[PDB]
There are 2 protein chains.
Amino acid sequence: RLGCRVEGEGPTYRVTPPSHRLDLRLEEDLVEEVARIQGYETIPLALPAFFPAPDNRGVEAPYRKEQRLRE
Amino acid sequence: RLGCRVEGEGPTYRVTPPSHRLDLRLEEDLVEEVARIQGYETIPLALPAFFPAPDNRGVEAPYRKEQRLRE
């Protein structure tokens with residue numbers, strides 16, 4: 001009802017956007033379309049929990065040493 | 001096979017510990033029994049994700065001000 005051609009059986013649907021929607025290339029362009037009519041005010045708050053990758057662990061060190069110097 | 005009387009249909013079972021196990025009062029005493037034979041080395045690592053309760057938010061402030069003073 002945003003005026004799309006939804007020719008799919010499901011789960012993957014294959015949509016063709018109306019001619020005027022240049023902004024709709026990727027599948028993701030499509031997600032903000034659903035979360036806009038729906039409302040960005042219907043995406044709940046949640047936080048991630050996770051074990052960072054090993055190599056990322058410590059990258060703050062050079063920084064803090066510089067911040068500790070200003071102190 | 002730790003020598004218990006498990007008289008239950010399930011889900012709640014009702015266990016009677018052998019006479020020598022004084023250390024087994026609560027249901028929880030029972031959980032460390034399962035996680036001991038099984039091995040504390042079979043409890044996986046995981047981290048919690050959560051929105052703290054409002055009133056707990058800020059309790060660090062008095063502290064940091066004192067730590068900032070030593071600095």
# chains A, B, ... in the order shown; residues from 1 in each chain; ligands from 1
>>> residues_around(residues="region 25-30 of chain A", least_positions_apart="2", cutoff="12 Å", atoms="only C-alpha atoms", output="MDAnalysis selection string")
chainID A and resid 2 4 6 12:23 32:37
>>> calpha_fit_and_write(fixed="chain A", moving="chain B", output="PDB file with N, CA, C and O atoms, in the first residue's frame")
ATOM      1  N   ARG B   1       0.820  -1.210   0.000  1.00  0.00           N
ATOM      2  CA  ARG B   1       0.000   0.000   0.000  1.00  0.00           C
ATOM      3  C   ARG B   1       0.837   1.234   0.000  1.00  0.00           C
ATOM      4  O   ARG B   1       0.373   2.314   0.348  1.00  0.00           O
ATOM      5  N   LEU B   2       2.118   1.035  -0.285  1.00  0.00           N
ATOM      6  CA  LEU B   2       3.093   2.120  -0.464  1.00  0.00           C
ATOM      7  C   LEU B   2       3.207   2.103  -1.975  1.00  0.00           C
ATOM      8  O   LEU B   2       4.034   2.782  -2.561  1.00  0.00           O
ATOM      9  N   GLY B   3       2.388   1.228  -2.566  1.00  0.00           N
ATOM     10  CA  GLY B   3       2.291   1.032  -3.999  1.00  0.00           C
ATOM     11  C   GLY B   3       3.329   0.067  -4.576  1.00  0.00           C
ATOM     12  O   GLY B   3       3.930   0.384  -5.616  1.00  0.00           O
ATOM     13  N   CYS B   4       3.578  -1.078  -3.926  1.00  0.00           N
ATOM     14  CA  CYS B   4       4.563  -2.042  -4.442  1.00  0.00           C
ATOM     15  C   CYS B   4       4.027  -3.295  -5.115  1.00  0.00           C
ATOM     16  O   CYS B   4       2.864  -3.671  -4.901  1.00  0.00           O
ATOM     17  N   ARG B   5       4.864  -3.926  -5.949  1.00  0.00           N
ATOM     18  CA  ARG B   5       4.481  -5.167  -6.618  1.00  0.00           C
ATOM     19  C   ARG B   5       5.146  -6.237  -5.769  1.00  0.00           C
ATOM     20  O   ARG B   5       6.376  -6.330  -5.791  1.00  0.00           O
ATOM     21  N   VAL B   6       4.353  -6.917  -4.916  1.00  0.00           N
ATOM     22  CA  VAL B   6       4.854  -8.003  -4.044  1.00  0.00           C
ATOM     23  C   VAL B   6       4.471  -9.355  -4.659  1.00  0.00           C
ATOM     24  O   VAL B   6       3.391  -9.879  -4.392  1.00  0.00           O
ATOM     25  N   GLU B   7       5.345  -9.912  -5.483  1.00  0.00           N
ATOM     26  CA  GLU B   7       5.074 -11.183  -6.128  1.00  0.00           C
ATOM     27  C   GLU B   7       5.895 -12.281  -5.459  1.00  0.00           C
ATOM     28  O   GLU B   7       6.950 -12.673  -5.946  1.00  0.00           O
ATOM     29  N   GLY B   8       5.387 -12.792  -4.346  1.00  0.00           N
ATOM     30  CA  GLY B   8       6.101 -13.833  -3.632  1.00  0.00           C
ATOM     31  C   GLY B   8       5.180 -14.793  -2.916  1.00  0.00           C
ATOM     32  O   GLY B   8       4.022 -14.482  -2.598  1.00  0.00           O
ATOM     33  N   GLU B   9       5.704 -15.976  -2.652  1.00  0.00           N
ATOM     34  CA  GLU B   9       4.908 -16.977  -1.974  1.00  0.00           C
ATOM     35  C   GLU B   9       5.288 -16.878  -0.499  1.00  0.00           C
ATOM     36  O   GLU B   9       4.437 -16.953   0.381  1.00  0.00           O
ATOM     37  N   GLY B  10       6.556 -16.551  -0.273  1.00  0.00           N
ATOM     38  CA  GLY B  10       7.074 -16.466   1.080  1.00  0.00           C
ATOM     39  C   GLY B  10       7.987 -17.666   1.278  1.00  0.00           C
ATOM     40  O   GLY B  10       7.743 -18.726   0.670  1.00  0.00           O
ATOM     41  N   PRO B  11       9.004 -17.581   2.155  1.00  0.00           N
ATOM     42  CA  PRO B  11       9.456 -16.467   2.989  1.00  0.00           C
ATOM     43  C   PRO B  11      10.163 -15.292   2.295  1.00  0.00           C
ATOM     44  O   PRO B  11      10.116 -14.175   2.793  1.00  0.00           O
ATOM     45  N   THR B  12      10.905 -15.535   1.218  1.00  0.00           N
ATOM     46  CA  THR B  12      11.548 -14.442   0.493  1.00  0.00           C
ATOM     47  C   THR B  12      10.454 -14.054  -0.499  1.00  0.00           C
ATOM     48  O   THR B  12       9.860 -14.935  -1.166  1.00  0.00           O
ATOM     49  N   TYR B  13      10.167 -12.753  -0.577  1.00  0.00           N
ATOM     50  CA  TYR B  13       9.106 -12.253  -1.444  1.00  0.00           C
ATOM     51  C   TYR B  13       9.345 -11.601  -2.806  1.00  0.00           C
ATOM     52  O   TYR B  13       8.437 -11.632  -3.639  1.00  0.00           O
ATOM     53  N   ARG B  14      10.461 -10.912  -3.016  1.00  0.00           N
ATOM     54  CA  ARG B  14      10.684 -10.301  -4.324  1.00  0.00           C
ATOM     55  C   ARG B  14       9.647  -9.173  -4.606  1.00  0.00           C
ATOM     56  O   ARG B  14       8.542  -9.385  -5.126  1.00  0.00           O
ATOM     57  N   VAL B  15      10.035  -7.965  -4.240  1.00  0.00           N
ATOM     58  CA  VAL B  15       9.214  -6.780  -4.424  1.00  0.00           C
ATOM     59  C   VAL B  15       9.731  -5.825  -5.522  1.00  0.00           C
ATOM     60  O   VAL B  15      10.933  -5.565  -5.623  1.00  0.00           O
ATOM     61  N   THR B  16       8.817  -5.258  -6.302  1.00  0.00           N
ATOM     62  CA  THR B  16       9.190  -4.286  -7.324  1.00  0.00           C
ATOM     63  C   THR B  16       8.582  -2.943  -6.884  1.00  0.00           C
ATOM     64  O   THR B  16       7.349  -2.802  -6.758  1.00  0.00           O
ATOM     65  N   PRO B  17       9.438  -1.961  -6.578  1.00  0.00           N
ATOM     66  CA  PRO B  17       9.012  -0.627  -6.150  1.00  0.00           C
ATOM     67  C   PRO B  17       8.340   0.233  -7.242  1.00  0.00           C
ATOM     68  O   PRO B  17       8.600   0.080  -8.433  1.00  0.00           O
ATOM     69  N   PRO B  18       7.455   1.148  -6.841  1.00  0.00           N
ATOM     70  CA  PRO B  18       6.863   1.964  -7.876  1.00  0.00           C
ATOM     71  C   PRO B  18       7.999   2.814  -8.470  1.00  0.00           C
ATOM     72  O   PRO B  18       8.995   3.114  -7.820  1.00  0.00           O
ATOM     73  N   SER B  19       7.779   3.237  -9.706  1.00  0.00           N
ATOM     74  CA  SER B  19       8.712   4.016 -10.532  1.00  0.00           C
ATOM     75  C   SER B  19       9.316   5.268  -9.935  1.00  0.00           C
ATOM     76  O   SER B  19      10.406   5.692 -10.336  1.00  0.00           O
ATOM     77  N   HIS B  20       8.567   5.871  -9.012  1.00  0.00           N
ATOM     78  CA  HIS B  20       8.981   7.108  -8.368  1.00  0.00           C
ATOM     79  C   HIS B  20       9.896   6.958  -7.189  1.00  0.00           C
ATOM     80  O   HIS B  20      10.503   7.926  -6.746  1.00  0.00           O
ATOM     81  N   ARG B  21      10.024   5.736  -6.703  1.00  0.00           N
ATOM     82  CA  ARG B  21      10.877   5.503  -5.568  1.00  0.00           C
ATOM     83  C   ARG B  21      12.284   5.110  -5.952  1.00  0.00           C
ATOM     84  O   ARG B  21      12.633   3.947  -6.033  1.00  0.00           O
ATOM     85  N   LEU B  22      13.097   6.106  -6.221  1.00  0.00           N
ATOM     86  CA  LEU B  22      14.462   5.819  -6.600  1.00  0.00           C
ATOM     87  C   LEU B  22      15.216   5.380  -5.366  1.00  0.00           C
ATOM     88  O   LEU B  22      16.056   4.509  -5.434  1.00  0.00           O
ATOM     89  N   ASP B  23      14.885   5.974  -4.228  1.00  0.00           N
ATOM     90  CA  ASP B  23      15.533   5.658  -2.959  1.00  0.00           C
ATOM     91  C   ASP B  23      15.467   4.176  -2.527  1.00  0.00           C
ATOM     92  O   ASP B  23      16.157   3.787  -1.589  1.00  0.00           O
ATOM     93  N   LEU B  24      14.662   3.362  -3.229  1.00  0.00           N
ATOM     94  CA  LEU B  24      14.489   1.920  -2.937  1.00  0.00           C
ATOM     95  C   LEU B  24      15.184   0.926  -3.877  1.00  0.00           C
ATOM     96  O   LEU B  24      14.552   0.396  -4.793  1.00  0.00           O
ATOM     97  N   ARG B  25      16.480   0.692  -3.594  1.00  0.00           N
ATOM     98  CA  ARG B  25      17.405  -0.203  -4.292  1.00  0.00           C
ATOM     99  C   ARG B  25      17.488  -1.543  -3.546  1.00  0.00           C
ATOM    100  O   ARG B  25      17.046  -2.562  -4.036  1.00  0.00           O
ATOM    101  N   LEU B  26      18.113  -1.525  -2.367  1.00  0.00           N
ATOM    102  CA  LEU B  26      18.312  -2.720  -1.530  1.00  0.00           C
ATOM    103  C   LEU B  26      17.111  -3.120  -0.738  1.00  0.00           C
ATOM    104  O   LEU B  26      16.166  -2.323  -0.569  1.00  0.00           O
ATOM    105  N   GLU B  27      17.245  -4.315  -0.136  1.00  0.00           N
ATOM    106  CA  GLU B  27      16.229  -4.970   0.738  1.00  0.00           C
ATOM    107  C   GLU B  27      16.009  -4.153   2.014  1.00  0.00           C
ATOM    108  O   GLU B  27      14.880  -4.002   2.492  1.00  0.00           O
ATOM    109  N   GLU B  28      17.119  -3.588   2.485  1.00  0.00           N
ATOM    110  CA  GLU B  28      17.238  -2.714   3.648  1.00  0.00           C
ATOM    111  C   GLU B  28      16.454  -1.383   3.474  1.00  0.00           C
ATOM    112  O   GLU B  28      16.026  -0.757   4.426  1.00  0.00           O
ATOM    113  N   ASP B  29      16.301  -0.940   2.235  1.00  0.00           N
ATOM    114  CA  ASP B  29      15.619   0.322   1.966  1.00  0.00           C
ATOM    115  C   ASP B  29      14.193   0.063   2.288  1.00  0.00           C
ATOM    116  O   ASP B  29      13.454   0.940   2.710  1.00  0.00           O
ATOM    117  N   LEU B  30      13.870  -1.203   2.079  1.00  0.00           N
ATOM    118  CA  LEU B  30      12.558  -1.754   2.263  1.00  0.00           C
ATOM    119  C   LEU B  30      12.233  -1.885   3.740  1.00  0.00           C
ATOM    120  O   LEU B  30      11.087  -1.569   4.147  1.00  0.00           O
ATOM    121  N   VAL B  31      13.241  -2.292   4.542  1.00  0.00           N
ATOM    122  CA  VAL B  31      13.012  -2.417   5.999  1.00  0.00           C
ATOM    123  C   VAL B  31      12.657  -1.007   6.606  1.00  0.00           C
ATOM    124  O   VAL B  31      11.609  -0.854   7.162  1.00  0.00           O
ATOM    125  N   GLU B  32      13.390   0.052   6.330  1.00  0.00           N
ATOM    126  CA  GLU B  32      13.033   1.342   6.855  1.00  0.00           C
ATOM    127  C   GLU B  32      11.706   1.770   6.286  1.00  0.00           C
ATOM    128  O   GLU B  32      11.214   2.796   6.634  1.00  0.00           O
ATOM    129  N   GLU B  33      11.085   0.992   5.431  1.00  0.00           N
ATOM    130  CA  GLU B  33       9.828   1.452   4.861  1.00  0.00           C
ATOM    131  C   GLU B  33       8.713   0.948   5.742  1.00  0.00           C
ATOM    132  O   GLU B  33       7.641   1.533   5.874  1.00  0.00           O
ATOM    133  N   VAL B  34       8.984  -0.223   6.277  1.00  0.00           N
ATOM    134  CA  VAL B  34       8.143  -0.975   7.215  1.00  0.00           C
ATOM    135  C   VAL B  34       8.309  -0.364   8.646  1.00  0.00           C
ATOM    136  O   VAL B  34       7.385  -0.274   9.430  1.00  0.00           O
ATOM    137  N   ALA B  35       9.474   0.144   8.945  1.00  0.00           N
ATOM    138  CA  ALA B  35       9.691   0.705  10.204  1.00  0.00           C
ATOM    139  C   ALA B  35       9.573   2.160  10.036  1.00  0.00           C
ATOM    140  O   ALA B  35      10.442   2.847  10.474  1.00  0.00           O
ATOM    141  N   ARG B  36       8.568   2.682   9.380  1.00  0.00           N
ATOM    142  CA  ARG B  36       8.470   4.143   9.218  1.00  0.00           C
ATOM    143  C   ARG B  36       6.977   4.418   9.239  1.00  0.00           C
ATOM    144  O   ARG B  36       6.498   5.471   9.704  1.00  0.00           O
ATOM    145  N   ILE B  37       6.271   3.525   8.545  1.00  0.00           N
ATOM    146  CA  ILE B  37       4.825   3.525   8.481  1.00  0.00           C
ATOM    147  C   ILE B  37       4.469   2.994   9.852  1.00  0.00           C
ATOM    148  O   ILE B  37       3.668   3.597  10.553  1.00  0.00           O
ATOM    149  N   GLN B  38       5.151   1.922  10.261  1.00  0.00           N
ATOM    150  CA  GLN B  38       4.946   1.342  11.576  1.00  0.00           C
ATOM    151  C   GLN B  38       5.331   2.332  12.668  1.00  0.00           C
ATOM    152  O   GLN B  38       4.641   2.492  13.677  1.00  0.00           O
ATOM    153  N   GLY B  39       6.434   3.007  12.443  1.00  0.00           N
ATOM    154  CA  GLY B  39       6.824   4.010  13.383  1.00  0.00           C
ATOM    155  C   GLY B  39       8.121   3.603  13.949  1.00  0.00           C
ATOM    156  O   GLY B  39       8.345   2.428  14.140  1.00  0.00           O
ATOM    157  N   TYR B  40       9.024   4.562  14.071  1.00  0.00           N
ATOM    158  CA  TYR B  40      10.324   4.317  14.695  1.00  0.00           C
ATOM    159  C   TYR B  40       9.981   4.243  16.193  1.00  0.00           C
ATOM    160  O   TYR B  40      10.825   3.968  17.048  1.00  0.00           O
ATOM    161  N   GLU B  41       8.727   4.538  16.512  1.00  0.00           N
ATOM    162  CA  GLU B  41       8.341   4.484  17.879  1.00  0.00           C
ATOM    163  C   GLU B  41       7.686   3.209  18.222  1.00  0.00           C
ATOM    164  O   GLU B  41       6.778   3.197  19.024  1.00  0.00           O
ATOM    165  N   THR B  42       8.071   2.147  17.535  1.00  0.00           N
ATOM    166  CA  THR B  42       7.532   0.827  17.816  1.00  0.00           C
ATOM    167  C   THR B  42       8.684  -0.192  17.818  1.00  0.00           C
ATOM    168  O   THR B  42       8.462  -1.410  17.850  1.00  0.00           O
ATOM    169  N   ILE B  43       9.917   0.327  17.768  1.00  0.00           N
ATOM    170  CA  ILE B  43      11.153  -0.482  17.800  1.00  0.00           C
ATOM    171  C   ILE B  43      11.420  -0.350  19.298  1.00  0.00           C
ATOM    172  O   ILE B  43      11.518   0.786  19.807  1.00  0.00           O
ATOM    173  N   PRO B  44      11.434  -1.496  20.039  1.00  0.00           N
ATOM    174  CA  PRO B  44      11.657  -1.516  21.493  1.00  0.00           C
ATOM    175  C   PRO B  44      13.113  -1.292  21.902  1.00  0.00           C
ATOM    176  O   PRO B  44      14.008  -1.349  21.054  1.00  0.00           O
ATOM    177  N   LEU B  45      13.351  -0.955  23.169  1.00  0.00           N
ATOM    178  CA  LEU B  45      14.718  -0.793  23.599  1.00  0.00           C
ATOM    179  C   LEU B  45      15.245  -2.148  24.009  1.00  0.00           C
ATOM    180  O   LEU B  45      14.512  -3.026  24.471  1.00  0.00           O
ATOM    181  N   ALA B  46      16.500  -2.369  23.687  1.00  0.00           N
ATOM    182  CA  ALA B  46      17.184  -3.593  24.076  1.00  0.00           C
ATOM    183  C   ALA B  46      18.672  -3.317  23.969  1.00  0.00           C
ATOM    184  O   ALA B  46      19.137  -2.348  23.340  1.00  0.00           O
ATOM    185  N   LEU B  47      19.403  -4.106  24.724  1.00  0.00           N
ATOM    186  CA  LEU B  47      20.824  -3.942  24.827  1.00  0.00           C
ATOM    187  C   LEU B  47      21.476  -5.240  24.431  1.00  0.00           C
ATOM    188  O   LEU B  47      20.854  -6.323  24.534  1.00  0.00           O
ATOM    189  N   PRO B  48      22.683  -5.141  23.857  1.00  0.00           N
ATOM    190  CA  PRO B  48      23.420  -6.337  23.448  1.00  0.00           C
ATOM    191  C   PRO B  48      24.338  -6.827  24.564  1.00  0.00           C
ATOM    192  O   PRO B  48      24.758  -6.058  25.449  1.00  0.00           O
ATOM    193  N   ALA B  49      24.551  -8.133  24.576  1.00  0.00           N
ATOM    194  CA  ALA B  49      25.448  -8.778  25.528  1.00  0.00           C
ATOM    195  C   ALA B  49      26.414  -9.577  24.603  1.00  0.00           C
ATOM    196  O   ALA B  49      25.963 -10.181  23.616  1.00  0.00           O
ATOM    197  N   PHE B  50      27.731  -9.493  24.807  1.00  0.00           N
ATOM    198  CA  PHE B  50      28.667 -10.242  23.936  1.00  0.00           C
ATOM    199  C   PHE B  50      30.141 -10.221  24.339  1.00  0.00           C
ATOM    200  O   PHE B  50      30.604  -9.293  25.041  1.00  0.00           O
ATOM    201  N   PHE B  51      30.852 -11.279  23.923  1.00  0.00           N
ATOM    202  CA  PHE B  51      32.281 -11.421  24.205  1.00  0.00           C
ATOM    203  C   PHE B  51      32.956 -10.821  22.965  1.00  0.00           C
ATOM    204  O   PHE B  51      32.788 -11.332  21.841  1.00  0.00           O
ATOM    205  N   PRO B  52      33.666  -9.691  23.146  1.00  0.00           N
ATOM    206  CA  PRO B  52      34.330  -9.037  22.037  1.00  0.00           C
ATOM    207  C   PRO B  52      35.381  -9.946  21.409  1.00  0.00           C
ATOM    208  O   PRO B  52      35.776 -10.940  22.028  1.00  0.00           O
ATOM    209  N   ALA B  53      35.733  -9.677  20.145  1.00  0.00           N
ATOM    210  CA  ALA B  53      36.755 -10.476  19.491  1.00  0.00           C
ATOM    211  C   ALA B  53      38.107 -10.110  20.139  1.00  0.00           C
ATOM    212  O   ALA B  53      38.392  -8.933  20.470  1.00  0.00           O
ATOM    213  N   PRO B  54      38.969 -11.123  20.310  1.00  0.00           N
ATOM    214  CA  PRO B  54      40.284 -10.972  20.929  1.00  0.00           C
ATOM    215  C   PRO B  54      41.146  -9.808  20.527  1.00  0.00           C
ATOM    216  O   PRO B  54      41.721  -9.160  21.396  1.00  0.00           O
ATOM    217  N   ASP B  55      41.258  -9.559  19.226  1.00  0.00           N
ATOM    218  CA  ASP B  55      42.096  -8.481  18.728  1.00  0.00           C
ATOM    219  C   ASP B  55      41.614  -7.070  19.050  1.00  0.00           C
ATOM    220  O   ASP B  55      42.412  -6.147  19.085  1.00  0.00           O
ATOM    221  N   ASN B  56      40.313  -6.906  19.276  1.00  0.00           N
ATOM    222  CA  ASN B  56      39.750  -5.591  19.608  1.00  0.00           C
ATOM    223  C   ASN B  56      40.091  -5.261  21.049  1.00  0.00           C
ATOM    224  O   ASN B  56      40.166  -4.090  21.425  1.00  0.00           O
ATOM    225  N   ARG B  57      40.296  -6.299  21.854  1.00  0.00           N
ATOM    226  CA  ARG B  57      40.600  -6.157  23.271  1.00  0.00           C
ATOM    227  C   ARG B  57      41.888  -5.413  23.574  1.00  0.00           C
ATOM    228  O   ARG B  57      42.950  -5.949  23.346  1.00  0.00           O
ATOM    229  N   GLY B  58      41.761  -4.179  24.054  1.00  0.00           N
ATOM    230  CA  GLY B  58      42.860  -3.303  24.476  1.00  0.00           C
ATOM    231  C   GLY B  58      43.084  -1.998  23.747  1.00  0.00           C
ATOM    232  O   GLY B  58      43.833  -1.138  24.230  1.00  0.00           O
ATOM    233  N   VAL B  59      42.382  -1.813  22.639  1.00  0.00           N
ATOM    234  CA  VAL B  59      42.548  -0.633  21.794  1.00  0.00           C
ATOM    235  C   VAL B  59      42.415   0.743  22.432  1.00  0.00           C
ATOM    236  O   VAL B  59      42.776   1.760  21.835  1.00  0.00           O
ATOM    237  N   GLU B  60      41.901   0.752  23.656  1.00  0.00           N
ATOM    238  CA  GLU B  60      41.656   1.955  24.461  1.00  0.00           C
ATOM    239  C   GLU B  60      42.894   2.468  25.187  1.00  0.00           C
ATOM    240  O   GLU B  60      42.986   3.639  25.582  1.00  0.00           O
ATOM    241  N   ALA B  61      43.801   1.526  25.412  1.00  0.00           N
ATOM    242  CA  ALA B  61      45.072   1.753  26.076  1.00  0.00           C
ATOM    243  C   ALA B  61      45.902   2.928  25.543  1.00  0.00           C
ATOM    244  O   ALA B  61      46.288   3.791  26.314  1.00  0.00           O
ATOM    245  N   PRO B  62      46.152   3.005  24.230  1.00  0.00           N
ATOM    246  CA  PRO B  62      46.944   4.137  23.776  1.00  0.00           C
ATOM    247  C   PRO B  62      46.254   5.424  24.148  1.00  0.00           C
ATOM    248  O   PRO B  62      46.863   6.382  24.617  1.00  0.00           O
ATOM    249  N   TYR B  63      44.950   5.403  23.992  1.00  0.00           N
ATOM    250  CA  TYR B  63      44.163   6.564  24.260  1.00  0.00           C
ATOM    251  C   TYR B  63      44.251   7.032  25.700  1.00  0.00           C
ATOM    252  O   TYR B  63      44.657   8.173  25.950  1.00  0.00           O
ATOM    253  N   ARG B  64      43.797   6.186  26.637  1.00  0.00           N
ATOM    254  CA  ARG B  64      43.838   6.498  28.059  1.00  0.00           C
ATOM    255  C   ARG B  64      45.203   7.029  28.449  1.00  0.00           C
ATOM    256  O   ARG B  64      45.256   8.011  29.155  1.00  0.00           O
ATOM    257  N   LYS B  65      46.301   6.447  27.967  1.00  0.00           N
ATOM    258  CA  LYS B  65      47.607   6.988  28.342  1.00  0.00           C
ATOM    259  C   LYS B  65      47.731   8.465  27.966  1.00  0.00           C
ATOM    260  O   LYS B  65      48.327   9.229  28.720  1.00  0.00           O
ATOM    261  N   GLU B  66      47.107   8.885  26.860  1.00  0.00           N
ATOM    262  CA  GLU B  66      47.154  10.290  26.426  1.00  0.00           C
ATOM    263  C   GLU B  66      46.231  11.134  27.269  1.00  0.00           C
ATOM    264  O   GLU B  66      46.541  12.282  27.559  1.00  0.00           O
ATOM    265  N   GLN B  67      45.079  10.571  27.629  1.00  0.00           N
ATOM    266  CA  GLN B  67      44.127  11.265  28.486  1.00  0.00           C
ATOM    267  C   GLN B  67      44.676  11.358  29.886  1.00  0.00           C
ATOM    268  O   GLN B  67      44.486  12.351  30.551  1.00  0.00           O
ATOM    269  N   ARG B  68      45.411  10.352  30.313  1.00  0.00           N
ATOM    270  CA  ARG B  68      45.956  10.390  31.635  1.00  0.00           C
ATOM    271  C   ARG B  68      47.042  11.473  31.693  1.00  0.00           C
ATOM    272  O   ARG B  68      47.258  12.123  32.713  1.00  0.00           O
ATOM    273  N   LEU B  69      47.645  11.776  30.565  1.00  0.00           N
ATOM    274  CA  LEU B  69      48.676  12.805  30.551  1.00  0.00           C
ATOM    275  C   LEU B  69      48.133  14.245  30.726  1.00  0.00           C
ATOM    276  O   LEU B  69      48.814  15.144  31.239  1.00  0.00           O
ATOM    277  N   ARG B  70      46.925  14.479  30.232  1.00  0.00           N
ATOM    278  CA  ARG B  70      46.323  15.806  30.328  1.00  0.00           C
ATOM    279  C   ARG B  70      45.949  16.056  31.766  1.00  0.00           C
ATOM    280  O   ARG B  70      46.007  17.207  32.234  1.00  0.00           O
ATOM    281  N   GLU B  71      45.575  14.962  32.454  1.00  0.00           N
ATOM    282  CA  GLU B  71      45.159  14.964  33.862  1.00  0.00           C
ATOM    283  C   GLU B  71      46.302  15.394  34.789  1.00  0.00           C
ATOM    284  O   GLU B  71      46.170  16.327  35.605  1.00  0.00           O
TER     285      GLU B  71
END
>>> select_by_dssp(residues="region 1-61 of chain B", states="alpha helix (DSSP H)", output="PyMOL selection string")
chain B and resi 27-37+61
>>> write_last_selection(atoms="N, CA, C and O atoms", output="PDB file, in the first residue's frame")
ATOM      1  N   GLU B  27      16.620 -26.791  47.884  1.00  0.00           N
ATOM      2  CA  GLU B  27      16.559 -27.260  46.470  1.00  0.00           C
ATOM      3  C   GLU B  27      17.866 -26.942  45.739  1.00  0.00           C
ATOM      4  O   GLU B  27      18.370 -27.745  44.948  1.00  0.00           O
ATOM      5  N   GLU B  28      18.409 -25.780  46.098  1.00  0.00           N
ATOM      6  CA  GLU B  28      19.669 -25.214  45.627  1.00  0.00           C
ATOM      7  C   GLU B  28      20.896 -26.082  46.024  1.00  0.00           C
ATOM      8  O   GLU B  28      21.925 -26.081  45.372  1.00  0.00           O
ATOM      9  N   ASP B  29      20.783 -26.804  47.129  1.00  0.00           N
ATOM     10  CA  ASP B  29      21.893 -27.619  47.612  1.00  0.00           C
ATOM     11  C   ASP B  29      22.008 -28.728  46.632  1.00  0.00           C
ATOM     12  O   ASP B  29      23.079 -29.258  46.377  1.00  0.00           O
ATOM     13  N   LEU B  30      20.837 -29.023  46.092  1.00  0.00           N
ATOM     14  CA  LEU B  30      20.617 -30.073  45.138  1.00  0.00           C
ATOM     15  C   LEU B  30      21.180 -29.692  43.782  1.00  0.00           C
ATOM     16  O   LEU B  30      21.804 -30.553  43.112  1.00  0.00           O
ATOM     17  N   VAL B  31      21.013 -28.406  43.401  1.00  0.00           N
ATOM     18  CA  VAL B  31      21.560 -27.950  42.104  1.00  0.00           C
ATOM     19  C   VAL B  31      23.129 -28.092  42.106  1.00  0.00           C
ATOM     20  O   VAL B  31      23.657 -28.788  41.289  1.00  0.00           O
ATOM     21  N   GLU B  32      23.848 -27.634  43.111  1.00  0.00           N
ATOM     22  CA  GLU B  32      25.275 -27.807  43.123  1.00  0.00           C
ATOM     23  C   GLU B  32      25.607 -29.274  43.192  1.00  0.00           C
ATOM     24  O   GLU B  32      26.743 -29.628  43.168  1.00  0.00           O
ATOM     25  N   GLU B  33      24.638 -30.157  43.249  1.00  0.00           N
ATOM     26  CA  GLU B  33      24.988 -31.564  43.364  1.00  0.00           C
ATOM     27  C   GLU B  33      25.079 -32.130  41.970  1.00  0.00           C
ATOM     28  O   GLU B  33      25.814 -33.066  41.669  1.00  0.00           O
ATOM     29  N   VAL B  34      24.225 -31.567  41.141  1.00  0.00           N
ATOM     30  CA  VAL B  34      24.079 -31.846  39.708  1.00  0.00           C
ATOM     31  C   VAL B  34      25.213 -31.100  38.930  1.00  0.00           C
ATOM     32  O   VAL B  34      25.764 -31.579  37.958  1.00  0.00           O
ATOM     33  N   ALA B  35      25.623 -29.962  39.422  1.00  0.00           N
ATOM     34  CA  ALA B  35      26.631 -29.244  38.777  1.00  0.00           C
ATOM     35  C   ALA B  35      27.873 -29.524  39.510  1.00  0.00           C
ATOM     36  O   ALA B  35      28.547 -28.601  39.846  1.00  0.00           O
ATOM     37  N   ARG B  36      28.205 -30.750  39.828  1.00  0.00           N
ATOM     38  CA  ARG B  36      29.453 -31.010  40.567  1.00  0.00           C
ATOM     39  C   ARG B  36      29.926 -32.352  40.034  1.00  0.00           C
ATOM     40  O   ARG B  36      31.134 -32.642  39.935  1.00  0.00           O
ATOM     41  N   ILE B  37      28.935 -33.230  39.877  1.00  0.00           N
ATOM     42  CA  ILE B  37      29.119 -34.548  39.306  1.00  0.00           C
ATOM     43  C   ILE B  37      29.285 -34.215  37.840  1.00  0.00           C
ATOM     44  O   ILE B  37      30.241 -34.657  37.217  1.00  0.00           O
ATOM     45  N   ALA B  61      28.890   7.919  41.824  1.00  0.00           N
ATOM     46  CA  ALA B  61      29.191   9.333  41.948  1.00  0.00           C
ATOM     47  C   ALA B  61      29.888   9.755  43.248  1.00  0.00           C
ATOM     48  O   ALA B  61      30.932  10.384  43.195  1.00  0.00           O
TER      49      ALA B  61
END
>>> select_by_dssp(residues="chain A", states="strand (DSSP E)", output="list in words")
residues 5, 6, 15 and 16 of chain A
>>> decode(residues="region 22-33 of chain B", atoms="C-alpha atoms", output="short mmCIF file (atom, residue, chain, number, x, y, z; two decimals), in the first residue's frame")
data_model
loop_
_atom_site.label_atom_id
_atom_site.label_comp_id
_atom_site.auth_asym_id
_atom_site.auth_seq_id
_atom_site.Cartn_x
_atom_site.Cartn_y
_atom_site.Cartn_z
CA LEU B 22 23.29 -32.86 56.30
CA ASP B 23 24.55 -30.27 53.83
CA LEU B 24 21.38 -30.93 51.69
CA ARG B 25 18.48 -28.79 53.05
CA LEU B 26 17.29 -26.57 50.15
CA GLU B 27 16.56 -27.26 46.47
CA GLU B 28 19.67 -25.21 45.63
CA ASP B 29 21.89 -27.62 47.61
CA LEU B 30 20.62 -30.07 45.14
CA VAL B 31 21.56 -27.95 42.10
CA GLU B 32 25.28 -27.81 43.12
CA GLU B 33 24.99 -31.56 43.36
#
